[PDB]
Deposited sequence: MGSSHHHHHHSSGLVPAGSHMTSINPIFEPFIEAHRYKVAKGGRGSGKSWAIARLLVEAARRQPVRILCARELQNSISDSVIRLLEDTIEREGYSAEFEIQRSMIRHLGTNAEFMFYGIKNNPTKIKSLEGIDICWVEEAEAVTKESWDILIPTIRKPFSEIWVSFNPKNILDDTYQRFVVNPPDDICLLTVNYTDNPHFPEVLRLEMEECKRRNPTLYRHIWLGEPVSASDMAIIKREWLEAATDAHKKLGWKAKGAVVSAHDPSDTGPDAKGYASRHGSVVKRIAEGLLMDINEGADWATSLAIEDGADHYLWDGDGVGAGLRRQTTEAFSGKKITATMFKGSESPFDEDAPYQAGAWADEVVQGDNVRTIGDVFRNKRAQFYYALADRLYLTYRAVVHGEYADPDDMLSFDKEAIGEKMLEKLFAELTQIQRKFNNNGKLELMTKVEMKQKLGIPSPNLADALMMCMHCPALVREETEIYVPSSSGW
């Protein structure tokens, strides 16, 4: 029984163990709760976010603990209950999302153990915590941190309650760390060091101090046009990131003026299938302007792209993020500082156009500061879909500035991100970034004109 957990023996309203995989927190807590039940007539609620069947709960772990220590003859074991025959202590097992009503009605709970608590949503906490209201009752929590902004992390680490005993552990704190897990761990440490730190050292995902777009801006910008009462006006712009020859999904983004309407991923496609997919989406979206990344495997797509739009007045622009910024000799607008003095290249230029729109939108939504909707950006959540919106947000928050020896704004490249961060190429984020750019001049009545 790892001495690190000794503080959980003392009385505290909150006992929270956070750590990486194989750290021993589950075995330690099960052991302590079993020893408590042997000695006090405690009612113990074992809760989790989702319990689709009893096998998803800790009941088996508790049974194994009982048998391991040789306490079997002291207990009654049923499908969904464990009871001590001497104290009448009782364990019960419920999923919060499954049985919210049952949970609210439970009486006399002395200890609540929330396991796998990283999955527990704010709404679940808000249901569960008020029910554990007996004087001297305790809430025990074990979790492997996910994102620093997830409720469980915010609730117990960043903005903690009174009387919390917080322990942080990892596999190095587990004197019984088994070989099978050690092998997985060392394998991971070598293959993906960043992932290893998250999984095995229990470090939550959080924003780099070099990140350019904050999660909270993206949350505010979600349906900002509904929140603030404006609607989409402008051209429809679509963009395609053809990715590479690797596994990473291709990307597509489309907006109608300041309202983003579609974020799509292209899986198991070659370069031509991907271009066909993306140009078809652009047509379906009624695009006036289409861009695609020409810096890599996309450099040869011009003919297929313009062919796909034949007969339709849709501009087609090859975006090369490595090029000097668009309009680089023009004055920069937030002796004269030019756009070219500020941005190293187009990739930086348009990622900052995106970030600037998002920040303005954030200040409008959250701080009530006025801004022209044309300068904002809103995500139409119903149109895009929660699933793809979340995928996009997870990529956008990883886009990082890097040091630049001429004091220009420059971002880590997709290749660098994969190498350093151990993540797939952020192709949805790049597709969205590219649709920030509108270099082709057009009118219903006129030619397409591409100044340069």
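Unmodelled regions (deposited sequence positions with no C-alpha coordinates, counted from 1) are 1 to 23, 358 to 368, 487 to 490.
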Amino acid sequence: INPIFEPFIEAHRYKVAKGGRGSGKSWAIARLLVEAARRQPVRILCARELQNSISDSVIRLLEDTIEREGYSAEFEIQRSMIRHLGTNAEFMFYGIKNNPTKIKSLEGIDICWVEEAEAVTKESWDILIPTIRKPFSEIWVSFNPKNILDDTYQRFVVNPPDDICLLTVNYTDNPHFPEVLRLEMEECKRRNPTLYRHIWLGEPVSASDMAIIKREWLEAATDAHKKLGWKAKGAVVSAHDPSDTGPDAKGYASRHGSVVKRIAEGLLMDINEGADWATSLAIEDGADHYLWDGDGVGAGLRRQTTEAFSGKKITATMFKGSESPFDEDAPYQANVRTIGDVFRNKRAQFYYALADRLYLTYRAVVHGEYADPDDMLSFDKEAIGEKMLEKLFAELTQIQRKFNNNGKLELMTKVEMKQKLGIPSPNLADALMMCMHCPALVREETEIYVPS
From here on, numbers count along this sequence of modelled residues.
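Omission of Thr152 is seen in none of the other entries compared for this protein where the adjacent residues are built, far below a third.
When the other compared entries with both flanking residues are checked, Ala364 is modelled in all of them, not unmodelled in a third.
In this entry, 45 to 53 shows the higher mean Cα temperature factor of the pair 25 to 33 and 45 to 53. The mean C-alpha temperature factor is higher for 418 to 426 when 387 to 395 and 418 to 426 are set side by side. In this structure the maximum Cα B-factor among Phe350, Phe143, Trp113, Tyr94 is found at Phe143. Looking only at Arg344, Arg215, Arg337, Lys261, the residue with the top Cα B factor in the deposited structure is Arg337.
Ranked by C-alpha B-factor against the other modelled residues of its chain, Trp277 falls in the lowest third. When the modelled residues of the chain are ordered by their C-alpha B factor, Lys15 lands in the lowest third. When all modelled residues of the chain are sorted by CA temperature factor, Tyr252 is found within the lowest third. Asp288: CA B factor in the lowest third of modelled residues in this chain (values from the PDB entry). In this PDB entry, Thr413 carries a Cα temperature factor that places it within the highest third of its chain's modelled residues.
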